[PDB]
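Enquirer: Mind having a look at this structure? Questions to follow.
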Amino acid sequence: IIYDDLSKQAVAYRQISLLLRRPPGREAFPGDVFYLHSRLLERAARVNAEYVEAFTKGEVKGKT
Amino acid sequence: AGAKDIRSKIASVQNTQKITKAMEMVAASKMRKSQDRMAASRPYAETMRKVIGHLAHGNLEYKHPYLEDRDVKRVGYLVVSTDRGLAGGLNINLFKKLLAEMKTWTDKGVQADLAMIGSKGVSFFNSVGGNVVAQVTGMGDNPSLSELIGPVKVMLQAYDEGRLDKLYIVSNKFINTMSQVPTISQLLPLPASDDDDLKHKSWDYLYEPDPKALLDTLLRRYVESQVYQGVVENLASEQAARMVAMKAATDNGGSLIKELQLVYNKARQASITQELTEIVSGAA
Amino acid sequence: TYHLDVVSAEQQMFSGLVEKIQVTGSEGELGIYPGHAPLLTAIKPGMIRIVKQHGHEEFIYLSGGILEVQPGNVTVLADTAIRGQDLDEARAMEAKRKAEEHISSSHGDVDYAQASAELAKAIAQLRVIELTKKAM
Amino acid sequence: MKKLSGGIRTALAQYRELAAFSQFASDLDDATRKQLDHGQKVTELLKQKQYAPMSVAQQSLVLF
Amino acid sequence: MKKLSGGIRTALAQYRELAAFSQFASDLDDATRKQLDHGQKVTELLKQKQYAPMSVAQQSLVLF
Amino acid sequence: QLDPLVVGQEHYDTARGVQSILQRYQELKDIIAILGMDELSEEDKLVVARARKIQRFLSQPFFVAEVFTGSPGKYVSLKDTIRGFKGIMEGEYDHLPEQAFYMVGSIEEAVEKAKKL
Amino acid sequence: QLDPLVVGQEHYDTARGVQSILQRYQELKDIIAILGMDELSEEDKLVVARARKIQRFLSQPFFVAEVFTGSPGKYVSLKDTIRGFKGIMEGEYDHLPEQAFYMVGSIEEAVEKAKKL
């Protein structure tokens, strides 16, 4: 997966935040801009075979 | 001020530090080459001085002018200077020593004449008003004996023409890579060598045509060789001084980056605080 | 054989062992074989013949110089350019003219000329000492 | 004034382009030394005392 | 690729600082002349056209 | 858009050649300042003269600027632009003076202006 | 009040010359800091020496600051200070050391303090 600009997602989040009056932080980005990208990129993971088998209820067993 | 101007200034000082490091390395290589070209000069002057010793104080001796003193009515100086700056105090220590001794001699009421090797001394002694009678300039790091023949010819011609009574070469001495010292040393009339006539009786030369004509050219070639050796030593000394001066300048730049960064951090923090306060205090 | 040197104010030109040499001495052609008695003469500009041991003839061009022969050694003190009252005087007259009319030649160092200029430009209007409150 | 002032912009422009060398001016070549010492004179020329205004004839004469 | 390429990265970092030193220095030691003239080849080798990807065989052959 | 696949190799090579000559003249300026010009090679003095000509030739008299300077305007087609610059960079005009190229519009008007200088 | 029409041409001109020297000295501090003092032109070293002498001579011992330094206070009249600064600027005290000027009254007390180092 390729995020074409996470720079212009931070800007869009700053916009949609200030319009809700939420208090800003450094460089006027919202308080939790770090959390915005953190909880996104932490989904990029390699997942071991038991998680796959448990999620997929046994339909796939050998794979990661 | 404001974080951006200071970040620009820090960029430019880092660039200055790169440049002076490069010049340090360049001078550090040219110094080794210069002190090699310095060693290749010794044999000629050493053997020619042995020959002059034989013809001067061997079992016979001659009345040649260059070998015995007379009344000092005026003095000549051959001044070696660098062609390039950024060498630190090299040139000015030398010129100050020269000026002191020229003042001594002019107190005794004897004039002095200057012949210049290198353009820095030319400009200096023009601005100070000394008597510059001949010059050669722009040799750079390719000194060649064929370009020194001019000024030393002038000074020798004026010596045997009776218009000079003593002749000096003023130049730096590449003692060691960390230390160079300006020296004013006499080369006419000829210094009394650490030699003994006792060894001479073993043999003598078949002079063709005759010794009185040979001794003249020997002494002229010897003086030329010593001016050339002084020039090459001054060049090696220049390279060493530029190396150490650029070392000092690179450390001075590095120690200034760390002040500018304190200023920059303080301004960064100040701008964040002011902006965020102007937002939060405008709401409601 | 004997040990020959040909040297100049600037650099050496030959060293090694030789059988004979032939030199156009100032007063006449001349040839040195081993054991030659001590001798001292000027030489004219021109070639000299070395025959290195095993007989490898060679030629070198000398612009002048002085020849010294000794019991064992012989050394030729060459010089780097033609010499004489005719030419040294032209050199001296130019050396005077350039001091009378203040003619300064540029050095040849392009490397220094570049580094000096980059340093001058980088160090310009830097105003750093106003900015950090360094007393000075 | 339009005719004469056109040379002052260029004098001072070349001066601003060479001004960085003023501190190493001794090593400079005599070709650029003349521009560097011309810019200084046309700069020293533009100095003026207070309450002493110049008619256009005087300004044109001096800039000429 | 791990075997044939472990050296490239530091070679290029050092080449790119050396090639900066070289602008002020003519008269280069031949041992560093070798280093510059090699780093320059390899830098010239790594540039590539836009839409032309290479399979690992074609990359490994070139790096060899 | 400045890449060969769109502007052709002719235009692209002319543009990059001009940028390279001007970039080299930037280097040589600071040697000319210190060592004087005669310390330049015979080839480098050629880069200098051609960079100065190229730098004059980029200027142009506009039709709307006539009110500022009285000079009539000139419209220069792209063929003339590429042809003129590509000629200058190849030594075709090494015999004209620099000022022949200043505010001259098309290249054929530089040869006309050189006759009058 | 610093106008020629208010303080006279000589007072005004001395003050402007002092500002000029100290400003030229500020401009040199960055090159002095990077490259050291030996790269200065032979007349910029003189500017630096006179600027430091002027910086010292601007100092004065106050009568209310005896408690801090012991040294007794001094009163310097205007006629007596423009003379001293005109002297330092014109070069007629270049032979004294810097410390000869620190914390003195008029210029005569500096000329004296130099005897005692």
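Please note that chains go A, B, ... in the order of the structure tokens, that every chain numbers its residues from 1, and that ligands are numbered from 1 in the order shown.
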When you get a sec, could you note down which chain E residues fall within 12 Å of chain F, using only C-alpha atoms, as a ChimeraX atom specification?
Expert: /E:23-24,49-50
Enquirer: Any chance you could export the current selection's C-alpha atoms as an mmCIF file, in the first residue's frame?
Expert:
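The resulting file, result.cif, is shown below:
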```
data_model
loop_
_atom_site.group_PDB
_atom_site.id
_atom_site.type_symbol
_atom_site.label_atom_id
_atom_site.label_comp_id
_atom_site.auth_asym_id
_atom_site.auth_seq_id
_atom_site.Cartn_x
_atom_site.Cartn_y
_atom_site.Cartn_z
ATOM 1 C CA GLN E 23 36.525 20.551 -6.194
ATOM 2 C CA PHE E 24 39.165 22.509 -4.302
ATOM 3 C CA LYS E 49 14.736 5.325 -16.731
ATOM 4 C CA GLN E 50 11.292 5.901 -15.355
#
```
Enquirer: Find the residues near region 102-105 of chain C: any atom within 7 Å, counting only C-alpha atoms, skip ones fewer than 6 places away on the same chain, and give them as a list in words.
Expert: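 Result of the neighbour search: residues 119, 137 and 138 of chain B.
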Enquirer: Could you save those same residues with C-alpha atoms as a PDB file, in the first residue's frame?
Expert:
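For reference, result-v2.pdb as written:
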```
ATOM      1  CA  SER B 119      54.008  39.940  -4.376  1.00  0.00           C
ATOM      2  CA  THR B 137      56.546  37.904  -8.573  1.00  0.00           C
ATOM      3  CA  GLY B 138      54.002  35.254  -9.390  1.00  0.00           C
TER       4      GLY B 138
END
```
Enquirer: Only residues of chain C matter here; which ones have an atom within 10 Å of chain E, counting only C-alpha atoms? Give them as an NGL selection string.
Expert: :C and (109-116 or 118)
Enquirer: Go ahead and save the residues from that selection, with N, CA and C atoms, as a JSON list (two decimals), in the first residue's frame.
Expert:
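That gives us result_9.json:
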```json
[["chain", "number", "residue", "atom", "x", "y", "z"],
["C", 109, "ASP", "N", 48.04, 29.55, -9.05],
["C", 109, "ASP", "CA", 47.34, 28.57, -8.23],
["C", 109, "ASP", "C", 45.84, 28.75, -8.41],
["C", 110, "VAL", "N", 45.26, 27.96, -9.31],
["C", 110, "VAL", "CA", 43.82, 28.03, -9.50],
["C", 110, "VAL", "C", 43.07, 27.40, -8.34],
["C", 111, "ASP", "N", 43.65, 26.40, -7.69],
["C", 111, "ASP", "CA", 42.98, 25.77, -6.56],
["C", 111, "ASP", "C", 42.79, 26.76, -5.43],
["C", 112, "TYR", "N", 43.87, 27.42, -5.03],
["C", 112, "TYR", "CA", 43.77, 28.45, -4.02],
["C", 112, "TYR", "C", 42.86, 29.58, -4.47],
["C", 113, "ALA", "N", 42.92, 29.95, -5.74],
["C", 113, "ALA", "CA", 42.08, 31.05, -6.21],
["C", 113, "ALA", "C", 40.61, 30.70, -6.12],
["C", 114, "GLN", "N", 40.26, 29.42, -6.25],
["C", 114, "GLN", "CA", 38.86, 29.02, -6.09],
["C", 114, "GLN", "C", 38.47, 28.95, -4.62],
["C", 115, "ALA", "N", 39.29, 28.29, -3.81],
["C", 115, "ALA", "CA", 38.94, 28.14, -2.41],
["C", 115, "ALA", "C", 38.85, 29.49, -1.72],
["C", 116, "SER", "N", 39.78, 30.39, -2.03],
["C", 116, "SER", "CA", 39.74, 31.72, -1.44],
["C", 116, "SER", "C", 38.44, 32.44, -1.77],
["C", 118, "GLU", "N", 35.45, 31.04, -2.66],
["C", 118, "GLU", "CA", 34.31, 30.45, -1.98],
["C", 118, "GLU", "C", 34.31, 30.84, -0.51]]
```
Enquirer: Cα RMSD of chain F on chain G, all Cα atoms paired in order, least-squares fit?
Expert: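 For chain G versus chain F, the C-alpha RMSD is 0.5 Å.
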Enquirer: Over all C-alpha pairs taken in order, what is the RMSD once chain E has been least-squares superposed onto chain D?
Expert: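 Computed value for the CA RMSD is 1.4 Å.
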Enquirer: I need the contact residues of chain C against chain B, so if you could list those with any atom within 9 Å, counting only C-alpha atoms, and return them as a ChimeraX atom specification, that would help.
Expert: /C:7-12,25-27,37-42,66,68-71,75,77,79-81,88-100,102-109,111-112,115-116,118-119,122-123,126-128,131-132,134
Enquirer: Report as a ChimeraX atom specification all protein, DNA and RNA residues lying within 7 Å of region 87-98 of chain F, evaluated on only C-alpha atoms, omitting residues in the same chain fewer than 4 positions from it.
Expert: /F:50,52-54,83,114
Enquirer: Write out, as a compact mmCIF listing (two decimals), in the first residue's frame, the residues just selected, with N, CA and C atoms.
Expert:
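Saved file part.txt follows:
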```txt
# COMPACT_ATOMS: atom_id res chain seq x y z
N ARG F 50 31.32 32.72 -25.00
CA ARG F 50 30.06 32.18 -25.46
C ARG F 50 28.99 32.27 -24.39
N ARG F 52 28.80 34.68 -22.19
CA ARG F 52 28.37 36.07 -22.19
C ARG F 52 27.46 36.36 -23.38
N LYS F 53 27.75 35.80 -24.54
CA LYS F 53 26.86 36.00 -25.68
C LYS F 53 25.50 35.35 -25.42
N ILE F 54 25.49 34.12 -24.92
CA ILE F 54 24.24 33.44 -24.62
C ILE F 54 23.43 34.24 -23.61
N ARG F 83 17.45 27.63 -33.08
CA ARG F 83 18.50 27.77 -34.07
C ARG F 83 19.57 28.75 -33.61
N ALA F 114 25.53 43.82 -35.76
CA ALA F 114 26.98 43.82 -35.70
C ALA F 114 27.59 44.72 -36.76
```
Enquirer: If you run DSSP on the backbone, which residues of chain D are alpha helix (DSSP H), as a ChimeraX atom specification?
Expert: /D:2-18,30-45,56-63
Enquirer: Which one of D:63, D:55, D:33, D:28 sits closest to chain B if you count only C-alpha atoms?
Expert: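 The closest residue to chain B is D:28.
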Enquirer: Interatomic distance between CA of residue 62 (chain F) and CA of residue 74 (chain F)?
Expert: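 According to the coordinates, CA of residue 62 (chain F) and CA of residue 74 (chain F) are separated by 6.1 Å.
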Enquirer: Show me, as an MDAnalysis selection string, the residues that have an atom within 12 Å of residue 1 (chain A) when counting only C-alpha atoms, minus same-chain residues fewer than 4 positions from it.
Expert: chainID A and resid 40:41 43:45
Enquirer: Please dump the current selection as a PDB file, in the first residue's frame; keep C-alpha atoms.
Expert:
```
ATOM      1  CA  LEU A  40      -2.387   4.150  10.473  1.00  0.00           C
ATOM      2  CA  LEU A  41       1.092   2.800   9.814  1.00  0.00           C
ATOM      3  CA  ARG A  43      -1.497  -1.694  10.503  1.00  0.00           C
ATOM      4  CA  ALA A  44       1.344  -2.436   8.096  1.00  0.00           C
ATOM      5  CA  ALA A  45       2.554  -5.637   9.699  1.00  0.00           C
TER       6      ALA A  45
END
```
